[PDB]
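Shown here: input.tsv, TSV, N, CA and C atoms.
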```
chain	number	residue	atom	x	y	z
A	22	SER	N	-1.21	30.50	-20.24
A	22	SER	CA	-2.16	31.62	-20.13
A	22	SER	C	-1.82	32.57	-19.00
A	23	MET	N	-2.46	33.73	-19.01
A	23	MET	CA	-2.33	34.63	-17.92
A	23	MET	C	-3.00	34.04	-16.67
A	24	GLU	N	-4.11	33.32	-16.83
A	24	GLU	CA	-4.82	32.77	-15.66
A	24	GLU	C	-3.87	31.73	-14.95
A	25	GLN	N	-3.22	30.88	-15.75
A	25	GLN	CA	-2.38	29.82	-15.16
A	25	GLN	C	-1.29	30.48	-14.37
A	26	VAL	N	-0.71	31.55	-14.88
A	26	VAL	CA	0.29	32.33	-14.13
A	26	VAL	C	-0.20	32.92	-12.80
A	27	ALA	N	-1.39	33.52	-12.86
A	27	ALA	CA	-2.07	34.12	-11.67
A	27	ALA	C	-2.26	33.05	-10.62
A	28	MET	N	-2.71	31.88	-11.08
A	28	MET	CA	-2.94	30.71	-10.21
A	28	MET	C	-1.60	30.28	-9.57
A	29	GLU	N	-0.56	30.18	-10.41
A	29	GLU	CA	0.75	29.87	-9.93
A	29	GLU	C	1.31	30.90	-8.94
A	30	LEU	N	1.04	32.20	-9.10
A	30	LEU	CA	1.44	33.19	-8.12
A	30	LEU	C	0.72	32.99	-6.77
A	31	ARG	N	-0.58	32.72	-6.81
A	31	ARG	CA	-1.43	32.35	-5.61
A	31	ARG	C	-0.76	31.18	-4.87
A	32	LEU	N	-0.41	30.13	-5.59
A	32	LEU	CA	0.22	28.92	-4.97
A	32	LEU	C	1.57	29.28	-4.34
A	33	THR	N	2.36	30.11	-5.01
A	33	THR	CA	3.61	30.54	-4.50
A	33	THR	C	3.46	31.32	-3.24
A	34	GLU	N	2.43	32.16	-3.20
A	34	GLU	CA	2.21	32.94	-2.01
A	34	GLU	C	1.66	32.04	-0.85
A	35	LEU	N	0.83	31.10	-1.20
A	35	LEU	CA	0.33	30.12	-0.16
A	35	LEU	C	1.55	29.39	0.41
A	36	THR	N	2.44	28.95	-0.50
A	36	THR	CA	3.66	28.24	-0.11
A	36	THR	C	4.49	29.08	0.81
A	37	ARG	N	4.61	30.40	0.52
A	37	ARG	CA	5.31	31.35	1.38
A	37	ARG	C	4.72	31.41	2.78
A	38	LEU	N	3.40	31.52	2.82
A	38	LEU	CA	2.68	31.58	4.11
A	38	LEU	C	2.83	30.25	4.89
A	39	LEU	N	2.60	29.13	4.21
A	39	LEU	CA	2.77	27.78	4.85
A	39	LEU	C	4.19	27.55	5.30
A	40	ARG	N	5.18	28.07	4.59
A	40	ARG	CA	6.54	27.95	5.08
A	40	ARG	C	6.74	28.66	6.40
A	41	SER	N	6.16	29.84	6.58
A	41	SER	CA	6.23	30.57	7.83
A	41	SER	C	5.44	29.80	8.97
A	42	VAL	N	4.25	29.32	8.61
A	42	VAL	CA	3.45	28.41	9.51
A	42	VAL	C	4.31	27.21	9.94
A	43	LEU	N	4.98	26.58	8.99
A	43	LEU	CA	5.75	25.38	9.34
A	43	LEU	C	6.88	25.72	10.29
A	44	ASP	N	7.53	26.88	10.08
A	44	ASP	CA	8.60	27.28	10.93
A	44	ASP	C	8.13	27.55	12.33
A	45	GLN	N	6.97	28.18	12.43
A	45	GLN	CA	6.37	28.49	13.72
A	45	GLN	C	5.96	27.19	14.45
A	46	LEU	N	5.37	26.25	13.71
A	46	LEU	CA	5.01	24.97	14.37
A	46	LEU	C	6.24	24.19	14.79
A	47	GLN	N	7.26	24.11	13.95
A	47	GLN	CA	8.47	23.40	14.30
A	47	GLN	C	9.25	23.99	15.50
A	48	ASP	N	9.12	25.30	15.73
A	48	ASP	CA	9.68	25.91	16.93
A	48	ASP	C	9.03	25.42	18.21
A	49	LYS	N	7.79	24.95	18.12
A	49	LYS	CA	7.10	24.37	19.23
A	49	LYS	C	7.55	22.95	19.54
A	50	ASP	N	8.59	22.48	18.83
A	50	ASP	CA	9.17	21.11	19.05
A	50	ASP	C	10.65	21.28	19.28
A	51	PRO	N	10.97	21.91	20.44
A	51	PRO	CA	12.41	22.21	20.55
A	51	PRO	C	13.33	21.00	20.75
A	52	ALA	N	12.74	19.90	21.21
A	52	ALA	CA	13.48	18.66	21.36
A	52	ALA	C	13.75	17.93	20.00
A	53	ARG	N	13.14	18.42	18.90
A	53	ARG	CA	13.28	17.82	17.57
A	53	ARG	C	12.76	16.39	17.47
A	54	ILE	N	11.76	16.09	18.32
A	54	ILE	CA	11.16	14.79	18.34
A	54	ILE	C	10.46	14.46	17.02
A	55	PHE	N	9.97	15.50	16.33
A	55	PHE	CA	9.12	15.29	15.13
A	55	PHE	C	9.85	15.79	13.88
A	56	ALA	N	11.15	16.08	14.01
A	56	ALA	CA	11.90	16.59	12.89
A	56	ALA	C	12.13	15.71	11.73
A	57	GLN	N	12.23	14.40	11.97
A	57	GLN	CA	12.62	13.46	10.94
A	57	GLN	C	11.69	12.23	10.98
A	58	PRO	N	11.59	11.46	9.90
A	58	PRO	CA	10.85	10.17	9.95
A	58	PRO	C	11.28	9.25	11.01
A	59	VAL	N	10.34	8.57	11.66
A	59	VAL	CA	10.71	7.48	12.57
A	59	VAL	C	11.58	6.51	11.74
A	60	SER	N	12.76	6.17	12.25
A	60	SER	CA	13.70	5.26	11.59
A	60	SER	C	13.21	3.77	11.61
A	61	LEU	N	13.08	3.20	10.42
A	61	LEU	CA	12.61	1.84	10.27
A	61	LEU	C	13.77	0.91	10.57
A	62	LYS	N	15.02	1.42	10.55
A	62	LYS	CA	16.13	0.59	11.11
A	62	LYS	C	15.98	0.40	12.56
A	63	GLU	N	15.67	1.48	13.29
A	63	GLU	CA	15.53	1.51	14.76
A	63	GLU	C	14.15	1.08	15.35
A	64	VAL	N	13.09	1.27	14.54
A	64	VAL	CA	11.75	0.79	14.89
A	64	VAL	C	11.24	-0.07	13.73
A	65	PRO	N	11.76	-1.31	13.63
A	65	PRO	CA	11.45	-2.09	12.42
A	65	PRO	C	9.96	-2.48	12.22
A	66	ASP	N	9.18	-2.54	13.28
A	66	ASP	CA	7.74	-2.85	13.21
A	66	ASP	C	6.87	-1.60	12.94
A	67	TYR	N	7.47	-0.41	12.70
A	67	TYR	CA	6.65	0.81	12.83
A	67	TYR	C	5.42	0.78	11.86
A	68	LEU	N	5.63	0.32	10.65
A	68	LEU	CA	4.57	0.37	9.64
A	68	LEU	C	3.49	-0.66	9.90
A	69	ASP	N	3.72	-1.62	10.80
A	69	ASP	CA	2.67	-2.49	11.26
A	69	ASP	C	1.68	-1.72	12.14
A	70	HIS	N	2.16	-0.62	12.76
A	70	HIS	CA	1.34	0.18	13.68
A	70	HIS	C	0.79	1.41	12.98
A	71	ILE	N	1.60	2.13	12.26
A	71	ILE	CA	1.30	3.45	11.68
A	71	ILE	C	1.35	3.31	10.16
A	72	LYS	N	0.15	3.52	9.57
A	72	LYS	CA	0.04	3.32	8.14
A	72	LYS	C	0.44	4.51	7.28
A	73	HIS	N	0.42	5.75	7.84
A	73	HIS	CA	0.78	6.90	7.14
A	73	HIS	C	1.76	7.76	8.03
A	74	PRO	N	3.00	7.32	8.06
A	74	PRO	CA	3.99	8.10	8.84
A	74	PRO	C	4.11	9.55	8.35
A	75	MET	N	4.50	10.48	9.27
A	75	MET	CA	4.71	11.84	8.85
A	75	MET	C	5.69	12.48	9.83
A	76	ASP	N	6.32	13.52	9.37
A	76	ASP	CA	7.35	14.25	10.17
A	76	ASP	C	7.61	15.64	9.50
A	77	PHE	N	8.28	16.54	10.19
A	77	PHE	CA	8.45	17.83	9.65
A	77	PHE	C	9.36	17.91	8.41
A	78	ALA	N	10.39	17.05	8.33
A	78	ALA	CA	11.21	17.05	7.11
A	78	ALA	C	10.43	16.63	5.87
A	79	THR	N	9.55	15.67	6.05
A	79	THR	CA	8.74	15.17	4.94
A	79	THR	C	7.78	16.28	4.53
A	80	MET	N	7.19	17.00	5.48
A	80	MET	CA	6.27	18.12	5.14
A	80	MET	C	7.04	19.19	4.36
A	81	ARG	N	8.26	19.46	4.78
A	81	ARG	CA	9.04	20.48	4.13
A	81	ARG	C	9.31	20.12	2.67
A	82	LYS	N	9.59	18.87	2.39
A	82	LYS	CA	9.86	18.44	1.00
A	82	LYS	C	8.60	18.68	0.17
A	83	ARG	N	7.45	18.30	0.71
A	83	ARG	CA	6.21	18.55	0.01
A	83	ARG	C	5.96	20.06	-0.19
A	84	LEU	N	6.14	20.82	0.83
A	84	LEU	CA	5.94	22.25	0.76
A	84	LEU	C	6.79	22.87	-0.37
A	85	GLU	N	8.06	22.51	-0.41
A	85	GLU	CA	9.00	23.16	-1.35
A	85	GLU	C	8.80	22.74	-2.78
A	86	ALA	N	8.16	21.60	-3.00
A	86	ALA	CA	7.66	21.21	-4.28
A	86	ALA	C	6.30	21.89	-4.59
A	87	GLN	N	5.90	22.91	-3.80
A	87	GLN	CA	4.49	23.39	-3.85
A	87	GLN	C	3.38	22.32	-3.90
A	88	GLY	N	3.48	21.26	-3.05
A	88	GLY	CA	2.56	20.19	-3.06
A	88	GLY	C	1.38	20.32	-2.09
A	89	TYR	N	1.28	21.46	-1.41
A	89	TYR	CA	0.10	21.76	-0.62
A	89	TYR	C	-0.79	22.77	-1.41
A	90	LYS	N	-1.92	22.28	-1.80
A	90	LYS	CA	-2.89	23.13	-2.58
A	90	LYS	C	-3.68	24.13	-1.75
A	91	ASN	N	-3.88	23.80	-0.48
A	91	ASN	CA	-4.67	24.59	0.43
A	91	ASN	C	-4.20	24.26	1.86
A	92	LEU	N	-4.60	25.08	2.82
A	92	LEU	CA	-4.26	24.89	4.23
A	92	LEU	C	-4.76	23.57	4.78
A	93	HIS	N	-5.93	23.10	4.37
A	93	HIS	CA	-6.48	21.80	4.86
A	93	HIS	C	-5.50	20.64	4.66
A	94	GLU	N	-4.92	20.56	3.49
A	94	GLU	CA	-3.95	19.49	3.17
A	94	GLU	C	-2.72	19.55	4.10
A	95	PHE	N	-2.24	20.75	4.36
A	95	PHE	CA	-1.11	21.04	5.25
A	95	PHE	C	-1.49	20.59	6.68
A	96	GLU	N	-2.63	21.02	7.14
A	96	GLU	CA	-3.10	20.61	8.45
A	96	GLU	C	-3.30	19.11	8.58
A	97	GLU	N	-3.74	18.42	7.54
A	97	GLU	CA	-3.87	16.99	7.58
A	97	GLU	C	-2.52	16.34	7.96
A	98	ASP	N	-1.44	16.79	7.31
A	98	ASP	CA	-0.08	16.26	7.55
A	98	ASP	C	0.34	16.62	8.99
A	99	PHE	N	0.11	17.83	9.42
A	99	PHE	CA	0.49	18.13	10.81
A	99	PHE	C	-0.25	17.26	11.83
A	100	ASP	N	-1.53	17.05	11.61
A	100	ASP	CA	-2.33	16.21	12.49
A	100	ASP	C	-1.79	14.76	12.48
A	101	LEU	N	-1.27	14.27	11.35
A	101	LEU	CA	-0.73	12.93	11.29
A	101	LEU	C	0.50	12.79	12.20
A	102	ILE	N	1.33	13.81	12.19
A	102	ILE	CA	2.50	13.80	13.09
A	102	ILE	C	2.05	13.55	14.52
A	103	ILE	N	1.08	14.31	14.97
A	103	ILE	CA	0.60	14.28	16.34
A	103	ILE	C	-0.14	12.96	16.63
A	104	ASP	N	-1.10	12.64	15.73
A	104	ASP	CA	-1.93	11.48	15.98
A	104	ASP	C	-1.15	10.18	15.92
A	105	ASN	N	-0.18	10.06	15.02
A	105	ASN	CA	0.66	8.85	14.91
A	105	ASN	C	1.41	8.63	16.25
A	106	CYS	N	1.95	9.74	16.76
A	106	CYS	CA	2.72	9.67	17.99
A	106	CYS	C	1.89	9.25	19.14
A	107	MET	N	0.69	9.79	19.26
A	107	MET	CA	-0.18	9.53	20.39
A	107	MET	C	-0.79	8.10	20.36
A	108	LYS	N	-0.73	7.47	19.18
A	108	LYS	CA	-1.10	6.06	19.13
A	108	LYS	C	0.10	5.13	19.43
A	109	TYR	N	1.21	5.35	18.81
A	109	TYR	CA	2.37	4.48	18.98
A	109	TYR	C	2.95	4.51	20.37
A	110	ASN	N	2.96	5.70	20.95
A	110	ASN	CA	3.59	5.87	22.27
A	110	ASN	C	2.56	5.95	23.37
A	111	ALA	N	2.82	5.43	24.57
A	111	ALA	CA	1.92	5.51	25.67
A	111	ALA	C	1.87	6.87	26.27
A	112	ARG	N	0.80	7.15	26.99
A	112	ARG	CA	0.59	8.42	27.68
A	112	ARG	C	1.72	8.89	28.54
A	113	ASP	N	2.41	7.97	29.22
A	113	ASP	CA	3.48	8.33	30.16
A	113	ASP	C	4.89	8.43	29.54
A	114	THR	N	4.96	8.81	28.28
A	114	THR	CA	6.21	8.90	27.61
A	114	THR	C	6.50	10.34	27.20
A	115	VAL	N	7.80	10.65	27.06
A	115	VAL	CA	8.22	11.98	26.64
A	115	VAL	C	7.70	12.25	25.21
A	116	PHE	N	7.54	11.18	24.41
A	116	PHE	CA	7.06	11.33	23.04
A	116	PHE	C	5.62	11.75	23.02
A	117	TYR	N	4.74	11.02	23.69
A	117	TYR	CA	3.32	11.38	23.77
A	117	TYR	C	3.16	12.80	24.27
A	118	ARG	N	3.91	13.09	25.36
A	118	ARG	CA	3.76	14.40	26.00
A	118	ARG	C	4.20	15.55	25.06
A	119	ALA	N	5.23	15.26	24.27
A	119	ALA	CA	5.69	16.25	23.32
A	119	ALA	C	4.62	16.51	22.28
A	120	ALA	N	3.94	15.45	21.80
A	120	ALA	CA	2.85	15.64	20.85
A	120	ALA	C	1.73	16.46	21.41
A	121	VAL	N	1.32	16.20	22.67
A	121	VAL	CA	0.23	17.00	23.26
A	121	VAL	C	0.59	18.50	23.27
A	122	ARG	N	1.82	18.80	23.68
A	122	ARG	CA	2.29	20.19	23.79
A	122	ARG	C	2.37	20.82	22.41
A	123	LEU	N	2.80	20.06	21.41
A	123	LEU	CA	2.82	20.56	20.01
A	123	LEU	C	1.44	20.84	19.48
A	124	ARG	N	0.48	19.95	19.74
A	124	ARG	CA	-0.91	20.16	19.37
A	124	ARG	C	-1.46	21.45	20.02
A	125	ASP	N	-1.25	21.58	21.32
A	125	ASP	CA	-1.81	22.69	22.07
A	125	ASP	C	-1.24	24.00	21.59
A	126	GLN	N	0.07	24.04	21.46
A	126	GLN	CA	0.74	25.28	21.04
A	126	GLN	C	0.56	25.58	19.58
A	127	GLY	N	0.38	24.57	18.77
A	127	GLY	CA	0.19	24.74	17.32
A	127	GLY	C	-1.15	25.33	16.99
A	128	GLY	N	-2.15	25.07	17.83
A	128	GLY	CA	-3.55	25.48	17.61
A	128	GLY	C	-3.68	26.95	17.36
A	129	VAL	N	-2.93	27.73	18.13
A	129	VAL	CA	-2.88	29.20	18.07
A	129	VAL	C	-2.39	29.71	16.71
A	130	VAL	N	-1.30	29.10	16.25
A	130	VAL	CA	-0.63	29.39	14.99
A	130	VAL	C	-1.58	29.07	13.86
A	131	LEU	N	-2.17	27.89	13.90
A	131	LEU	CA	-3.08	27.46	12.85
A	131	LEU	C	-4.43	28.22	12.79
A	132	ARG	N	-4.93	28.65	13.92
A	132	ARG	CA	-6.08	29.52	13.97
A	132	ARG	C	-5.84	30.82	13.21
A	133	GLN	N	-4.68	31.45	13.36
A	133	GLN	CA	-4.44	32.69	12.64
A	133	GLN	C	-4.12	32.44	11.16
A	134	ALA	N	-3.44	31.34	10.87
A	134	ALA	CA	-3.17	30.96	9.52
A	134	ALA	C	-4.44	30.84	8.72
A	135	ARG	N	-5.47	30.25	9.28
A	135	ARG	CA	-6.71	30.05	8.55
A	135	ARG	C	-7.39	31.41	8.26
A	136	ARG	N	-7.37	32.31	9.23
A	136	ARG	CA	-7.88	33.66	9.04
A	136	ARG	C	-7.11	34.33	7.89
A	137	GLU	N	-5.77	34.21	7.87
A	137	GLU	CA	-4.90	34.83	6.85
A	137	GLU	C	-5.11	34.27	5.46
A	138	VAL	N	-5.31	32.96	5.39
A	138	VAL	CA	-5.56	32.31	4.12
A	138	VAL	C	-6.89	32.78	3.51
A	139	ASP	N	-7.95	32.76	4.31
A	139	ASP	CA	-9.28	33.32	3.94
A	139	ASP	C	-9.23	34.82	3.62
A	140	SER	N	-8.59	35.59	4.50
A	140	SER	CA	-8.45	37.04	4.34
A	140	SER	C	-7.76	37.38	2.99
A	141	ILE	N	-6.48	37.04	2.84
A	141	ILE	CA	-5.74	37.25	1.57
A	141	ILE	C	-6.29	36.45	0.36
A	142	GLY	N	-7.17	35.47	0.59
A	142	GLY	CA	-7.78	34.68	-0.49
A	142	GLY	C	-6.83	33.58	-0.95
```
Turn this file's structure into structure tokens for me.
Amino acid sequence: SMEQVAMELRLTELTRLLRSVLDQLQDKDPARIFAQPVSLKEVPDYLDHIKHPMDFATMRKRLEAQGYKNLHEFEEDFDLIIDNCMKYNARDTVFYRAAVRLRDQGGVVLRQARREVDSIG
């Protein structure tokens, strides 16, 4: 139908916007701490601690499959990156500290994203 197409164009444009959001958030991680999944070869107990692992490469795969229906779903995955890190790693670690800085700096980007998503519909 024409409606299904219109809907598909909306999703494509959301995907376009979320791709720009993702790039902006990932720039706030210049150390690439959150770029890839925690390695289960190198941290073999990880899934005993963290039940829903997440990382920027995994978000990108979902994004490019158009698997984010709305900004909330995208934000859920970003929050998992941060929250998983802040539980697994102690406060006095470069990992924890990187998550805090990513959360703080990401907030600005996500605040405008939500306005843009609502604005453009």
(request) Select all residues near (14.2, 12.0, 9.9) (cut-off 10 Å, inclusive, file coordinates), counting only C-alpha atoms, and output them as a PyMOL selection string. (result) chain A and resi 53-60+75-79
(request) Have a look at A:36, A:41, A:110, A:22 and name the one nearest to residue 131 of chain A; count only C-alpha atoms. (result)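 Using only C-alpha atoms, residue 131 of chain A sits closest to A:41.
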(message) Can you tell me which residues surround residue 142 of chain A at a distance of at most 10 Å, considering only C-alpha atoms, apart from same-chain residues fewer than 5 positions away, and format the answer as a ChimeraX atom specification?
(response) /A:31,35,136-137
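Between atom CA of residue 38 of chain A and atom CA of residue 88 of chain A lies a distance of 13.5 Å.
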(message) Just the number, please: distance in Å from atom C of residue 96 of chain A to atom CA of residue 28 of chain A, one decimal.
(response) 22.1 Å
(request) Taking the DSSP assignment computed from this structure's backbone, write out as a ChimeraX atom specification all residues of chain A that belong to helix (DSSP H, G or I). (result) /A:23-48,67-70,77-85,92-109,115-141
(message) Give me the residues near residue 123 of chain A as number ranges by chain, where near means some atom within 6.5 Å (using all atoms listed in the file) and where sequence neighbours in that chain fewer than 5 positions away do not count.
(response) A: 49-50, 118, 128
Show me, as a PDB file with N, CA and C atoms, keeping the file's coordinate frame, the residues that have an atom within 7 Å of segment 100-106 of chain A when counting only C-alpha atoms, minus same-chain residues fewer than 2 positions from it.
```pdb
ATOM      1  N   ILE A  71       1.600   2.130  12.260  1.00  0.00           N
ATOM      2  CA  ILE A  71       1.300   3.450  11.680  1.00  0.00           C
ATOM      3  C   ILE A  71       1.350   3.310  10.160  1.00  0.00           C
ATOM      4  N   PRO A  74       3.000   7.320   8.060  1.00  0.00           N
ATOM      5  CA  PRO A  74       3.990   8.100   8.840  1.00  0.00           C
ATOM      6  C   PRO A  74       4.110   9.550   8.350  1.00  0.00           C
ATOM      7  N   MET A  75       4.500  10.480   9.270  1.00  0.00           N
ATOM      8  CA  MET A  75       4.710  11.840   8.850  1.00  0.00           C
ATOM      9  C   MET A  75       5.690  12.480   9.830  1.00  0.00           C
ATOM     10  N   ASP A  76       6.320  13.520   9.370  1.00  0.00           N
ATOM     11  CA  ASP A  76       7.350  14.250  10.170  1.00  0.00           C
ATOM     12  C   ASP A  76       7.610  15.640   9.500  1.00  0.00           C
ATOM     13  N   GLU A  96      -2.630  21.020   7.140  1.00  0.00           N
ATOM     14  CA  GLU A  96      -3.100  20.610   8.450  1.00  0.00           C
ATOM     15  C   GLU A  96      -3.300  19.110   8.580  1.00  0.00           C
ATOM     16  N   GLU A  97      -3.740  18.420   7.540  1.00  0.00           N
ATOM     17  CA  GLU A  97      -3.870  16.990   7.580  1.00  0.00           C
ATOM     18  C   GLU A  97      -2.520  16.340   7.960  1.00  0.00           C
ATOM     19  N   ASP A  98      -1.440  16.790   7.310  1.00  0.00           N
ATOM     20  CA  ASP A  98      -0.080  16.260   7.550  1.00  0.00           C
ATOM     21  C   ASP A  98       0.340  16.620   8.990  1.00  0.00           C
ATOM     22  N   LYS A 108      -0.730   7.470  19.180  1.00  0.00           N
ATOM     23  CA  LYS A 108      -1.100   6.060  19.130  1.00  0.00           C
ATOM     24  C   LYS A 108       0.100   5.130  19.430  1.00  0.00           C
ATOM     25  N   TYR A 109       1.210   5.350  18.810  1.00  0.00           N
ATOM     26  CA  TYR A 109       2.370   4.480  18.980  1.00  0.00           C
ATOM     27  C   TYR A 109       2.950   4.510  20.370  1.00  0.00           C
ATOM     28  N   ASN A 110       2.960   5.700  20.950  1.00  0.00           N
ATOM     29  CA  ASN A 110       3.590   5.870  22.270  1.00  0.00           C
ATOM     30  C   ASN A 110       2.560   5.950  23.370  1.00  0.00           C
ATOM     31  N   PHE A 116       7.540  11.180  24.410  1.00  0.00           N
ATOM     32  CA  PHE A 116       7.060  11.330  23.040  1.00  0.00           C
ATOM     33  C   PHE A 116       5.620  11.750  23.020  1.00  0.00           C
ATOM     34  N   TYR A 117       4.740  11.020  23.690  1.00  0.00           N
ATOM     35  CA  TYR A 117       3.320  11.380  23.770  1.00  0.00           C
ATOM     36  C   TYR A 117       3.160  12.800  24.270  1.00  0.00           C
ATOM     37  N   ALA A 120       3.940  15.450  21.800  1.00  0.00           N
ATOM     38  CA  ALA A 120       2.850  15.640  20.850  1.00  0.00           C
ATOM     39  C   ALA A 120       1.730  16.460  21.410  1.00  0.00           C
ATOM     40  N   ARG A 124       0.480  19.950  19.740  1.00  0.00           N
ATOM     41  CA  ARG A 124      -0.910  20.160  19.370  1.00  0.00           C
ATOM     42  C   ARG A 124      -1.460  21.450  20.020  1.00  0.00           C
TER      43      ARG A 124
END
```
(message) Here is a test: counting all atoms listed in the file, which residue of A:64, A:138, A:107, A:80 is nearest to residue 92 of chain A?
(response) A:138
(request) Pick out the closest residue to residue 39 of chain A from this set: A:52, A:121, A:84, A:61. Count only N, CA and C atoms. (result) A:84
(request) Measuring atom to atom with only C-alpha atoms, identify which of A:93, A:122, A:112, A:70 is nearest to residue 134 of chain A. (result)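 For residue 134 of chain A, the nearest of the candidates is A:93.
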Missing atoms of segment 109-126 of chain A rebuilt to N, CA, C and O atoms, written as a PDB file, in the coordinates of the input:
```pdb
ATOM      1  N   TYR A 109       1.210   5.350  18.810  1.00  0.00           N
ATOM      2  CA  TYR A 109       2.370   4.480  18.980  1.00  0.00           C
ATOM      3  C   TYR A 109       2.950   4.510  20.370  1.00  0.00           C
ATOM      4  O   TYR A 109       3.350   3.477  20.934  1.00  0.00           O
ATOM      5  N   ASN A 110       2.960   5.700  20.950  1.00  0.00           N
ATOM      6  CA  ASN A 110       3.590   5.870  22.270  1.00  0.00           C
ATOM      7  C   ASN A 110       2.560   5.950  23.370  1.00  0.00           C
ATOM      8  O   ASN A 110       1.462   6.578  23.195  1.00  0.00           O
ATOM      9  N   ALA A 111       2.820   5.430  24.570  1.00  0.00           N
ATOM     10  CA  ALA A 111       1.920   5.510  25.670  1.00  0.00           C
ATOM     11  C   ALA A 111       1.870   6.870  26.270  1.00  0.00           C
ATOM     12  O   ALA A 111       2.798   7.685  26.156  1.00  0.00           O
ATOM     13  N   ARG A 112       0.800   7.150  26.990  1.00  0.00           N
ATOM     14  CA  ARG A 112       0.590   8.420  27.680  1.00  0.00           C
ATOM     15  C   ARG A 112       1.720   8.890  28.540  1.00  0.00           C
ATOM     16  O   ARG A 112       1.983  10.081  28.622  1.00  0.00           O
ATOM     17  N   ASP A 113       2.410   7.970  29.220  1.00  0.00           N
ATOM     18  CA  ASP A 113       3.480   8.330  30.160  1.00  0.00           C
ATOM     19  C   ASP A 113       4.890   8.430  29.540  1.00  0.00           C
ATOM     20  O   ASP A 113       5.912   8.156  30.199  1.00  0.00           O
ATOM     21  N   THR A 114       4.960   8.810  28.280  1.00  0.00           N
ATOM     22  CA  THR A 114       6.210   8.900  27.610  1.00  0.00           C
ATOM     23  C   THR A 114       6.500  10.340  27.200  1.00  0.00           C
ATOM     24  O   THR A 114       5.602  11.124  26.952  1.00  0.00           O
ATOM     25  N   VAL A 115       7.800  10.650  27.060  1.00  0.00           N
ATOM     26  CA  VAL A 115       8.220  11.980  26.640  1.00  0.00           C
ATOM     27  C   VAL A 115       7.700  12.250  25.210  1.00  0.00           C
ATOM     28  O   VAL A 115       7.397  13.351  24.854  1.00  0.00           O
ATOM     29  N   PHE A 116       7.540  11.180  24.410  1.00  0.00           N
ATOM     30  CA  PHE A 116       7.060  11.330  23.040  1.00  0.00           C
ATOM     31  C   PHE A 116       5.620  11.750  23.020  1.00  0.00           C
ATOM     32  O   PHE A 116       5.223  12.722  22.318  1.00  0.00           O
ATOM     33  N   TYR A 117       4.740  11.020  23.690  1.00  0.00           N
ATOM     34  CA  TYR A 117       3.320  11.380  23.770  1.00  0.00           C
ATOM     35  C   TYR A 117       3.160  12.800  24.270  1.00  0.00           C
ATOM     36  O   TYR A 117       2.407  13.620  23.749  1.00  0.00           O
ATOM     37  N   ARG A 118       3.910  13.090  25.360  1.00  0.00           N
ATOM     38  CA  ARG A 118       3.760  14.400  26.000  1.00  0.00           C
ATOM     39  C   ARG A 118       4.200  15.550  25.060  1.00  0.00           C
ATOM     40  O   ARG A 118       3.593  16.636  25.079  1.00  0.00           O
ATOM     41  N   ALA A 119       5.230  15.260  24.270  1.00  0.00           N
ATOM     42  CA  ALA A 119       5.690  16.250  23.320  1.00  0.00           C
ATOM     43  C   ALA A 119       4.620  16.510  22.280  1.00  0.00           C
ATOM     44  O   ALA A 119       4.405  17.648  21.793  1.00  0.00           O
ATOM     45  N   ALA A 120       3.940  15.450  21.800  1.00  0.00           N
ATOM     46  CA  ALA A 120       2.850  15.640  20.850  1.00  0.00           C
ATOM     47  C   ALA A 120       1.730  16.460  21.410  1.00  0.00           C
ATOM     48  O   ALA A 120       1.108  17.262  20.698  1.00  0.00           O
ATOM     49  N   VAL A 121       1.320  16.200  22.670  1.00  0.00           N
ATOM     50  CA  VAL A 121       0.230  17.000  23.260  1.00  0.00           C
ATOM     51  C   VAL A 121       0.590  18.500  23.270  1.00  0.00           C
ATOM     52  O   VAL A 121      -0.284  19.351  22.942  1.00  0.00           O
ATOM     53  N   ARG A 122       1.820  18.800  23.680  1.00  0.00           N
ATOM     54  CA  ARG A 122       2.290  20.190  23.790  1.00  0.00           C
ATOM     55  C   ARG A 122       2.370  20.820  22.410  1.00  0.00           C
ATOM     56  O   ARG A 122       1.949  21.981  22.223  1.00  0.00           O
ATOM     57  N   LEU A 123       2.800  20.060  21.410  1.00  0.00           N
ATOM     58  CA  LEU A 123       2.820  20.560  20.010  1.00  0.00           C
ATOM     59  C   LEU A 123       1.440  20.840  19.480  1.00  0.00           C
ATOM     60  O   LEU A 123       1.172  21.916  18.851  1.00  0.00           O
ATOM     61  N   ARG A 124       0.480  19.950  19.740  1.00  0.00           N
ATOM     62  CA  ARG A 124      -0.910  20.160  19.370  1.00  0.00           C
ATOM     63  C   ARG A 124      -1.460  21.450  20.020  1.00  0.00           C
ATOM     64  O   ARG A 124      -2.060  22.329  19.329  1.00  0.00           O
ATOM     65  N   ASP A 125      -1.250  21.580  21.320  1.00  0.00           N
ATOM     66  CA  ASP A 125      -1.810  22.690  22.070  1.00  0.00           C
ATOM     67  C   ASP A 125      -1.240  24.000  21.590  1.00  0.00           C
ATOM     68  O   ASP A 125      -2.018  24.958  21.268  1.00  0.00           O
ATOM     69  N   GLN A 126       0.070  24.040  21.460  1.00  0.00           N
ATOM     70  CA  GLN A 126       0.740  25.280  21.040  1.00  0.00           C
ATOM     71  C   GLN A 126       0.560  25.580  19.580  1.00  0.00           C
ATOM     72  O   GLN A 126       0.522  26.776  19.176  1.00  0.00           O
TER      73      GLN A 126
END
```
